[PDB]
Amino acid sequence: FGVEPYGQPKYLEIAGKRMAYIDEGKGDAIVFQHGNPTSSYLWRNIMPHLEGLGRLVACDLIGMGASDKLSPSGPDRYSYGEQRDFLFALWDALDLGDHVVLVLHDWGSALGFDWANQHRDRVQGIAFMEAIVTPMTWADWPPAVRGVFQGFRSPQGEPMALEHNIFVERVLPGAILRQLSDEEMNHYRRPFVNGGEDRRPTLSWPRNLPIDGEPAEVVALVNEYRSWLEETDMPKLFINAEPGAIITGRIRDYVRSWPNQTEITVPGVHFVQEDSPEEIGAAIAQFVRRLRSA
């Protein structure tokens, strides 16, 4: 468990806002996308396993990591669609090519599965873990954090996230089996040290989760892309977690139904990269070698 970020930070302005990203190596792209409340930092111990297998790209979502904050910020900002507009523009700017392997977690999986479904001819394979794969009910959601996420999805969410930073301070470490070092935790806290709107992305994201049919637009998006995943012969690598968090139970059964997929299981809850980076990295490398090595 290295504490240092991978690679050098780079920035490009997208719609007048700086977006930060890692871009190392050469060849066909391997694109790692984080979710909430993380950044490219999440992949620092995984990316080294793919050196020499492609061009390794990991972007920080708008409002997250080293990327700029939107202003004026408020409850109408950092929706799925807004996040998608920024990210997909950054990916276009980076000229990723047409043999992309996506490596996806959490909201990074909704964004990446959506991108792949819109660019089917440019995606070579998808590796995913603890991903958003189907509309949910609360029965699918980890029991220990049902009240907290229902809380986020109410007016209580503003104090919880913007004042108390509960996503970063409580949800993130609660969903890692090991204890992070102070140094690692400081990297996850850095984008969100200031109280108030700086923390808005951490609150907007849970409000987009497709749970009991709301928000309908996200439910519809996920139904669309999963309808493709269910039938496509695109190669897939499912990294299961034990105990896991959002892919457990019937959702885990469902993902296992998808075609042209292999899996592994690693120890972890939600932020599996922080419990099992060597096993994850090794599996993705083996996947990519099978797809590419000759």
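Start at 1 with the first residue shown and count on from there.
For the pair 115-123 and 198-206, the mean B factor over Cα atoms is greater in 115-123. The stretch with the higher mean CA B factor, choosing between 249-257 and 29-37, is 249-257. Note on the listed residues 214, 85, 130, 98: the highest Cα temperature factor in the record is that of 98. Looking only at 222, 168, 90, 177, the residue with the top Cα B factor in the deposited structure is 177. When the CA B factors of the chain's modelled residues are split into thirds, the value for residue 144 lands in the highest one. Among the modelled residues of the chain, residue 135 sits in the middle third by CA temperature factor in this PDB entry. The deposited CA B-factor of residue 240 belongs to the middle third of values across its chain.
The entry lists a Cα temperature factor for residue 53 that places it in the highest third of the chain's modelled residues. Per the PDB record, residue ranking by Cα B-factor puts residue 268 in the middle third of the chain.
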